[PDB]
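Any read-out appearing in this document is the output of simple, stated calculations on the displayed coordinates, not a laboratory observation. Cβ atoms come from the backbone with ideal geometry, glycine included; neighbour counts cover every protein chain shown.
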Amino acid sequence: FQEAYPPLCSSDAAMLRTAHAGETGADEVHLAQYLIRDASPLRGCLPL
Amino acid sequence: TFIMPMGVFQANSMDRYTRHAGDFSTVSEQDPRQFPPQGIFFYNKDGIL
């Protein structure tokens, strides 16, 4: 198909994870950094 | 076996962030949490700090 699936990546380790003892971060961009949310087929696998 | 770091100071100024503005305020004109930590607190066998 000539395509590449992007993984959960972010330019800051602060917003990669949130403080609730559980799920990870979900903010898109904070000030000038970014967090590209997961779109790969490993959506519900590979525990974090 | 458990391992625990004591005097670690997060050297990068990006890593020294607060999640909100008024999280742990004091009456002091200098916030006494910018200073590098000198101890560590955990729980006992009975849950004592």
| said: Which of the numbered conditions does residue A:16 fail, given that it passes all the others? Conditions: (1) in contact (Cβ under 8 Å) with a residue 12 or more places away in the chain; (2) over 15 Å from residue B:19 (Cα atoms); (3) of a type outside the set (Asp, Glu). | reply: (2)
| task | Considering only residues that are within 19 Å of residue B:12 (Cβ to Cβ) and surrounded by 15 or more Cβ atoms within 10 Å (Cβ to Cβ), look in the range A:9-32 and name the one that is nearest to the other protein chains (Cβ to nearest Cβ). | result | A:14
| Residues in the range A:1-35 that are among the hydroxyl-bearing types (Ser, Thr, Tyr) and assigned to a loop (DSSP other than H, G, I, E, B): how many? | 4
| task | Determine the pairs where a residue that is surrounded by 10 or more Cβ atoms within 10 Å (Cβ to Cβ), located within the range B:4-26, has a partner that is polar (S, T, N, Q) and part of a loop (DSSP other than H, G, I, E, B) with Cβ atoms under 8 Å apart, the partner being 6 or more residues away or on another chain. | result | B:16/B:10; B:16/B:34
| message | Go through (1) within 17 Å of residue B:17 (Cα to Cα); (2) under 10 Å from the mean Cα position of the chain (by Cα) for residue A:33 and report which single condition fails. | response | (2)
| said: Against the definition (away from chain B (no Cβ under 14 Å) and either part of a strand (DSSP E or B) or within 19 Å of residue B:20 (Cα to Cα) (or both)), how does residue A:39 come out, yes or no? | reply: no
